[PDB]
Each structure stands twice: as structure tokens, then as C-alpha cells.
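We place every Cβ from the backbone using ideal geometry, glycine too, and count neighbours over all the protein chains shown. Every number in this text was worked out from the coordinates using simple rules, so none of it is lab data.
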Amino acid sequence: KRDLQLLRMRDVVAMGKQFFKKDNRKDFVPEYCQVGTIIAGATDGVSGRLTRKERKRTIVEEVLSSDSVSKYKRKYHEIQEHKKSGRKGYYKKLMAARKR
Amino acid sequence: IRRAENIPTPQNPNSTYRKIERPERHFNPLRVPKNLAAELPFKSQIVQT
Amino acid sequence: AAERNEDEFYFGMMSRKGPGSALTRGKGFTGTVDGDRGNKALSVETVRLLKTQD
Amino acid sequence: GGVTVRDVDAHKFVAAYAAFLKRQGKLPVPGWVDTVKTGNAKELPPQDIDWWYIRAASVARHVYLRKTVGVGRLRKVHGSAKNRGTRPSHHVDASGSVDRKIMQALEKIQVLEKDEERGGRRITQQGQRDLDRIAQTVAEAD
Amino acid sequence: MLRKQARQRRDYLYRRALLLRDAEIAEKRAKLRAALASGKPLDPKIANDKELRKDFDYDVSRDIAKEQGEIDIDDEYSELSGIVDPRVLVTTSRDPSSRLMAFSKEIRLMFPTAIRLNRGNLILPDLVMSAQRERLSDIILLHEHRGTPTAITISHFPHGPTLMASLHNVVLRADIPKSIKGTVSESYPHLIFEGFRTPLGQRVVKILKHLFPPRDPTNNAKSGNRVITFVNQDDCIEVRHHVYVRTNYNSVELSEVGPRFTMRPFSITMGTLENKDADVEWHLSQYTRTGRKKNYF
Amino acid sequence: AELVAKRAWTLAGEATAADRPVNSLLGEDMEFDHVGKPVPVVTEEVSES
RNA sequence: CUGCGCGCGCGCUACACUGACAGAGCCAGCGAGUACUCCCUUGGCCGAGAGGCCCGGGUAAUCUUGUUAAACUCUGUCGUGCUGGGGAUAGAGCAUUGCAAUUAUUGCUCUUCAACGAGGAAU
């Protein structure tokens, strides 16, 4: 289920460097799936091959082991500031400045 | 006159334009009174866990 | 609330707790009909199973 | 039979407890007792003169009958109407020095305790023990 | 009883909405009847509607009856117009003063069939409840500022309109001495209305002249010795209450017997005094741009 | 000296109650908008009519 | 003191013993309440009081608030005396609101302790 949520959010994962076909059904889980692994292209084996410290178990573990997790955290904190912009801590501060 | 007899031009800091930081206005939810919320009928009764 | 039939009868009234009054409910009286959180009173055999697991 | 203080009427209980806290001789009394008023909403000081025991007994029972109470609730409870002379009556809170010092006195005597877990002051387990015991004593005079 | 009042008010509102749609159709049907009698050619959108002709053949006769005035419009007053004597009680605000209670007595004596009620501790929904329980036609509430009245609230029952008005220039009956005034005659008063021309003016004329009992129409043009005058200028209806003798066939001596107002209405609501959420019909539009230029009534 | 001196409170556009003297509005002749209809006072010609 | 045309009107508080005071009992209902903010505020200390202070729950049948409101009920003190009825006027002090409190915003303390002994004719 985490892997399927990641597959429907793979536009967000590559942060604008690579956009994807907007397939948005109501249920992201298909009826028939099978989690497999790329084996080997015999023509390319020096850089088209994940190493032992990068062959992880799930897809979300590969996304987290990749870079730009700080980029996700930066975008999340910008969204959090924009959504805490004027909601209720702002009004608590206004009420305290009036009462002082 | 001001440059000759050495008096600065009058400038009000409350009058000089500034940038205004507006937080996004979020309002409180609806606060239904207890007597009305206990008197209104079953199909429209408020369900709060 | 003004145009309410005092003799209305839905069948959810046999599976819901009404808003009551301040006298019947008490200090914890809001006009909202209380809903279920999903918990349920759990029989002894299943709690025997859960406590063996714990 | 078994007993609480809820099985004993207000005045004969609070008077029995007043006579007990008085007899005991352990109590703290601040010292500004006698020379003090109870509230800004009053005209004269109390007429019992030594009377801090009456409020101590009244406070301690009030706390026994419920979860937790703070100084603010007691000031509000023990306050009444002030005549503003020729302008309408209004309710006015009583003094928080009286009640807070009573609470601290009765805390040091181990008949109530702080309840920072929720706020205020809760009845002590030894406060339940002594209050239920004098409540029994009151019914044993009758 | 209460279920009947609610049901009849809902039926009245539904019938009024159906009358709006039927008036939108019957403005088209009156062109077809006038073109049939006079032969002037009419619009094709009117002459080529088969439903309109097919229903026009049944609904001629109510249009003819409305042209002759043989029927009366669906109204809250047309049910009991000149059949029942409208009973009406006058009440104060909650803790009245002595001049407000004497003023309440004076405007009770203005109506020959009114009664006055002491408020005391009387909750306003139970006041409405007791009015519908005793089949009163009208209630009139009074509000004072400091021994001088500042508002009337004329509410028609069972579900009729409120007219809330503010009073100005009130000269009480209770200021002049008993040597000069006296006991007011209680005869059925003539009424005159001067300056009401809009349909809103005819609305307020209806809800003011259905407060008084109906006059016997056999010889009313010469008999009766007491008149009540509602005349408006600048939509502030000013009311006098006179008593008269006809000292000749060409002259008449008036004598001011009652209080003088210039009440200005500020709210006419299609719903009784309890309903604060009733749909208003008109309200005094202050704080608009041309609300002081435009004159209603 | 008049051009360099401070503007009067009538020539400043926003005159709050701290600037001017106490009853200084009574000496001025300003026009302003009113709101709503005034009530017509009953005069003797009105009562006669 | 509004309003109407030292004079006037609506009022508040009293002249006490069906009371004042002091303890003590202890009971409502209609309300309201803080976002781009300082609203309704419990409890903990400090303070005689007014208040201060540290936290805290609430955009609310959820927290204030059971709004423990007042007359009221009881056990006392006072004893008909302008008396402890009454609390005007006045001095001195401490606080809170507010940029500002003098012509005293309001709050508390001490003191000062006026008229008023049921209102007349009338209405």
C-alpha cells in the first residue's frame, strides 16, 4: 500500500525534474499486481546496476535512501508556514498584543 | 529655504508606505448553542464523538 | 426546530442515544447526539486470547 | 453501618469540625486574623473572632465533595453582595489570601493536597479518613 | 392548535408563491382576452401556445371577476374582513413607567374594542401563545425611552404581519387637566387615510384599518361623531384623533380628543411578533446612498 | 515664513482630537453628508392642513 | 440628570426591629466569548482589599459555568436611641483602563458621617 501510494505520487518524488502521465483513478490499488525486480541487461553492467548498499527492500526505502529528502523537508516546511500563516496562533498573538 | 536655513523636510513614519504582512484569515468553526443543538430533530441532530 | 413534529418516529431512534436534556444528561450536555467511537464491550474468551498474547 | 460526610447535614458537621480543628491546636492562623475582613464586599470582620477553623472546616468539606478546586473558585463561593451604597448591589469575590492560606494550612496538616495533574486542590486520603471519622462522631452525638 | 397555525402559515406561503407564477402566466392571458374582444392582432408567442389557449378556455371567468372586482385577493385580512369585530390588546414593555401605562390606556381608548394587559413577568412567546389561544386579531406593543413612548409594534394574528414603527412628537392625553379633557366617547370611529398611493401604502393602509371594528353601512355617511386621521408626508404617517359635531350642513367643528403621533414605520414583516426570522416585506433602508431620496408608501 | 511653517489643523487632511484646541469645531464652516431622512417637525401649517 | 415648554421629568437609595450587621446554610434562567489574535478565563502562588503574577481550558451543549447570582434560610450581635437606621458631602492613601485620568473614568482602605422619622394638598 505504501508502494502504490508512492506510485501515484511519483510526480512529487522527482521534484519537477521529471513529470508523469496524470493517471488519477479513485482507487490506486489495482486488482492484480506482482512485486518484482529488474534482473540484468547484459549490455550494461557498470552503471546500470544498483550496488549492494543500494538494493533495498521496498520502493519507499529506495526513495528515502535517495537524495533530496532535505528538498522534501524544505518544501514541506514552506507549505507548513503558508498554512499556519493566519489560522489560530496568529489570532492568539493578536489577542495577547491587545490585552497587553 | 530649507537648504539655506537648515531645517529637514517633515516626514512621518506612520505616513511612509510599508509592506503589510497579511496572515491567511482562518475563522473559527460554527459554535451551535446547547439548547438549539438539543432541540433540533433527529434527521438533523449533530453527531460529535 | 420550529416546524418539528412532536410524534415523529424514525427507526434509528432504537439504535441511537438522544440529545436528552440538561437534567437527564447532566453537566456533560451538548445538544449533539453522541456517536460511537468504534469501541465495543469485549467478551471474556477474546480478552483471554489478547492477554495471552500480551 | 459505614459512613461518609454526605450522610451528615452541613451546619452540625461544619461546627463539629470547627470545634475539632479548634481543640487540636495544630492549624496555622496567619496572624492577620482578627485585624482582617474576609472580603472587600463586607462591612465588619467576622464575629467569632477566632474563626479561621470555621472556614477551614467549610473549605475542607467543600473539597471532599468534589474533584479539585482552586483559590479562584473559593473566592467566588465565599463572596456575596456588596452594597455599593446608593448604587445597585453586585456580586463580588471574597479574599484570596484567606482561602489560599487556609488551603496551605490544611495541606500542612495533611487533610488536602495539590493536584497539578488537573489544577487546584484535591481532598487527601487522610482527609477522607479524618472527615468521615468526625462525620461519624456527629451522628454518634445524635 | 399550534400544528394548525404552522400548517396554515405554510399553506399561505405556498399559495402566495403559486400566485406569483400564476400572475406571470395571467399577464399573458389578459392580452389574449383583450385581443379577442377588440380584434387587434397579438403576439405570436401568445397566440401560438396551445396550453395557454386550452387552459384559457377554463380560466376566463376569474379574470372577468377580477376585472369587475367581484372576488377578493388571497390575503390574511380578506378571510374575516367585515364579519368579525377585531379584538386587540395593548401591552407595554417589561417594566413600564407611569406615563407609559397612561399612554397605553390612551391608545387603548383610541380603539373601541381594545383591551389593555399588564406585562409584569410575561415571556413574549407565551404572550403570542395566549393571543392565539384567545383568538385576538391584533396585539400592539409599546416601548418608552424615559416616560415618553418611542415605538409601536402592531402585529396581526394568527400569522399576519408586524408593522414596527418609531414614534415622534407624542403629546399625551394625560398631560391636560380633567377640567379640560374628559372621558373619551367610545363610538365606532370613522377613518381617513391621506397620501397612500403605492401598493406598500395600500398594505400599511390595510394593516392599519383592520384594527377597528367595521362600521354599519346603512347610514354611515351622516351618523357617527368621531374620526381618526392617518395622513403621511415623507413616509412618516401622522395620526390625529378628533371628535366632531356638524354645526351646519356646510360647516363642522372639530375637537382634538386623543394623542398625536407622527409614527414612521421601519419594518413590515410577513410574520408575527415572535418570529424574528420572518421574511421582511419592507424595512427602512438607512445607510444606503439614495435611501433618503426615495420615498416609499 | 508662512510657507515654511507648520500647517493648520484644518489644512492637515486628518485631524484627530489631539491636534486642535477644545471647541474648535464650532468656529468652522464645513459641509458634510448626513444619513437618512430627518423626521418632519409638526408645524402650525401642517396641523392646519 | 435625559426630555418637553433656581423651575421641570425618568430614576437610584433610604427613613429601620417583616430591620442593620456578623458568621453559616445554599438555589436560577435568558447570554456571550480569541485569527491572522489578545476575547471569555479555571487552577497555582503573592496581596487586607482592590489587584498582581505563573500557567491553563475554550472559535465552545466539549472550557469559563452547576455562571455556588440576589433577595432568601438559619445561629448569633445590636435594642429603639437620627441608633450599629441612612450613607450625601469631604480629607488622606493604594490600585486598574488608557497616549492621556486635573474639572476628581472606575475599583479598594481609613477617616469624615449631612438630609431623610413615610412625604402635604392634590393627581
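Worth pointing out:
- When peptides D:57-63, D:107-113, D:18-24 are ranked by their average number of other Cβ atoms within 10 Å per residue, the highest-first order is D:57-63, D:107-113, D:18-24.
- For the protein assembly as shown, the 222 nm mean residue ellipticity estimated from helices alone, with every DSSP H stretch of n ≥ 4 adding -39500 (n - 2.57) and the total spread over all residues, rounds to -10000 deg cm²/dmol.
- In order along the stretch A:35-48, phi translates into HN-Hα couplings of 7, x, 9, 4, 8, 5, x, 6, 7, 9, x, 9, 10, x Hz, rounded to whole numbers, per the Karplus curve 6.51 cos²θ - 1.76 cosθ + 1.60 with θ = phi - 60° and x for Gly and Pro.
- Label zone at D:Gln126 (point 7 Å along Cα-to-Cβ), backbone N below 18 Å, the stretch D:46-88: D:57, D:60-61, D:64
- Between 0 and 90°, nearest 10: helix C:44-53 axis offset from chain C longest Cα axis: 50
- Inter-part distance where the stretch E:9-46 and the stretch A:34-49 are each reduced to a Cα centre, Å: 82
- Considering only the stretch E:65-191, percent of DSSP beta bridges that pair antiparallel, nearest 5: 65
- Other protein chain C-beta atoms within 10 Å of residue C-beta, averaged over B:33-42: 6.
- Extension reserve of the E:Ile180-E:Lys54 stretch, reckoned as 0.36 nm per residue once the Cα distance is removed: 38.3 nm
- Cα-based radius of gyration of the stretch D:1-88 once divided by 2.2 N^0.38 Å, which approximates compact folds: 1.26
- Under Karplus coefficients 6.51, -1.76 and 1.60, residue-wise ³J(HN,Hα) of the stretch B:41-49 in Hz, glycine/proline x: x, 5, 5, 10, 7, 7, 10, 10, 6
- Using bins of 10 Å that start at zero, the share of Cα-Cα pairs per bin across chain A amounts to 11, 26, 30, 16, 10, 5, 2, 0, in whole %.
- Built amide H within the under 5 Å cut-off of D:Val5, gap 5+: none
- Simple spin-label estimate for A:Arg100 and E:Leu20 in nanometres, 7 Å along Cα-Cβ: 5.4
- Farthest positive-ward along chain B dipole, Cα basis, beta-carbon charges - from B:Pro41, B:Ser15, B:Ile1: B:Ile1
- For the stretch E:128-202, a simple Cβ point-charge model (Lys and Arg +1, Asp and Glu -1, everything else neutral) yields a dipole of about 80 debye relative to the Cα centre.
- The length gained by stretching the chain between D:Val92 and D:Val29 to full extension, at 0.36 nm per residue less their Cα-Cα distance, is 20.2 nm.
- Separation of alpha-carbon centers, the stretch D:94-127 and the stretch E:70-88, rounded to whole Å: 73
- Cβ-to-Cβ counts within 10 Å put A:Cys33, E:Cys236 in ascending order as A:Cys33, E:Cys236, the fewest first.
- Peptide packing: for E:161-167, E:238-244, D:79-85, the average count of neighbouring Cβ atoms within 10 Å per residue gives the ranking E:161-167, E:238-244, D:79-85, highest mean first.
- Averaged over A:79-88, number of beta-carbon atoms from partner chains that fall within 10 Å: 3
- The distance separating the Cα centre of the stretch F:7-49 from that of the stretch E:167-243 comes to 37 Å.
- 3J(HN,Hα) couplings calculated from phi for the stretch E:165-175 with the Karplus curve 6.51 cos²θ - 1.76 cosθ + 1.60 (θ = phi - 60°) are, in sequence order, 9, 9, 9, 9, 6, 6, 10, 6, 5, 7, 9 Hz; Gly and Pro show x.
- Loop-located GluC sites (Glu not before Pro) in chain B (DSSP state other than H, G, I, E, B) with a sparse environment of at most 16 neighbouring Cβ atoms within 10 Å: B:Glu21, B:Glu24.
- One way to sum up the overall shape of the protein assembly as shown is the equivalent ellipsoid from its Cα gyration tensor, whose semi-axes run 66, 51, 38 Å, largest first.
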